[PDB]
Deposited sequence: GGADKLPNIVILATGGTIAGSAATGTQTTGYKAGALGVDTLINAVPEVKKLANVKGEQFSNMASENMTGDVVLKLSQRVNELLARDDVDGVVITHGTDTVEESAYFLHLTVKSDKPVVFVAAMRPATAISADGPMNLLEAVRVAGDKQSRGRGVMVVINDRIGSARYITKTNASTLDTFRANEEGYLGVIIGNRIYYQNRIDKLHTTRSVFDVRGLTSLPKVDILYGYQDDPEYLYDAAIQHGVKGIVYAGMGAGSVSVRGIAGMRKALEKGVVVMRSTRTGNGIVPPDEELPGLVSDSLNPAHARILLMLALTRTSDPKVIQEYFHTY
């Protein structure tokens, strides 16, 4: 081991060029050879909008397996952009290793002009292989930037630069074939996390309900009746709740559903409010809130413990 050993797990199609697909990827971008000893694995093949808790769970298990081996220094997972933040945050909380776990994606198809995936892959591999990258949590790498799974989110439908943490910034950047680490997230993750799900084959059902003018109560009932253990509320402003939403939350709590108030806004803190039902999501966005609420619910259903989870994770 002189060049590091990197396993590129593919969860979908290639993001570079045009076998399994993970072989097309590595063929298309031969320069990763010079960065690391790479071995492909086509873990799954789906588009990220179809990625599912059950599979992310299998991916968390696979990645833990890989990072236990001594002949693997880090893992690069190719993933679609749409839910990479959800997958990433899941493995952020559940991977019991300091070894680097780098999600990578592309905002343009590999056949498109000026495709971003090739250089995205190169940056991702370089981040996984470099030994300064240990203990930073799960990372998302794209467009010269390194996001923390817990903070990074896809902020823009269709642009290369979509991945941003406006308030938290990037862990680091890759410019001129070199890595600049700027931040260490000040949250628990990976080896310091309490969430181990190597036992499980299934996760609690958690659904996200939006906040808006005239938001209907009936979507709360529906969700209760299909037996969710958690509702995340992508709420108006700072998790503000209409009379209708309060009513729906009253009825969820009575059935022992955990209600987690987040924000549709895009950024920032949802502060405690005891005049308002349910928990609050700190600075976790809806998609991240659900991921943590699910994992919370596999270990407890005590409001106070889960709340503290949201403040520390």
Point out each run of deposited residues with no C-alpha coordinates, keeping the order of the sequence. 1 to 3, 22 to 34
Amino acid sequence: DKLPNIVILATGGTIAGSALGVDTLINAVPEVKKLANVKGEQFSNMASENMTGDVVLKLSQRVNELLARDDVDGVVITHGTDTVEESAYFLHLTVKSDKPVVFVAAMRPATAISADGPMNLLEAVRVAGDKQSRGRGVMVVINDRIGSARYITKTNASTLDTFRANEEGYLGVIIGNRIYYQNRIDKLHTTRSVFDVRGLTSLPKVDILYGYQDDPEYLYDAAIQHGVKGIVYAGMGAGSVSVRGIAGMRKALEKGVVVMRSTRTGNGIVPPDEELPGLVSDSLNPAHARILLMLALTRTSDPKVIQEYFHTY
From here on, numbers count along this sequence of modelled residues.
Read off the CA B-factors in the entry, average them over 118 to 126 and over 192 to 200, and name the higher stretch. 192 to 200
Using only the Cα atoms and their B-factors as the entry lists them, report which of 21 to 29 and 287 to 295 averages higher. 21 to 29
Per the entry's Cα B factor values, which of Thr78, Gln182, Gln132, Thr155 stands out as the maximum? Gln132
Compare the CA B factors listed in the entry for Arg150, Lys229, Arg178, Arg164 and report the winner. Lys229
Test of reading the entry: by CA B factor among the chain's modelled residues, which third contains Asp282? lowest
Taking the values exactly as deposited, rank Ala252 by C-alpha B-factor within its chain and report the matching third: lowest, middle or highest. highest
What third of the chain does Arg145 rank in for C-alpha temperature factor, lowest, middle or highest? lowest
Compare the C-alpha B factor of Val138 with those of the other modelled residues in its chain, then answer lowest, middle or highest third. middle
Compared with the other modelled residues in the chain, in which third is the CA B-factor of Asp73? highest
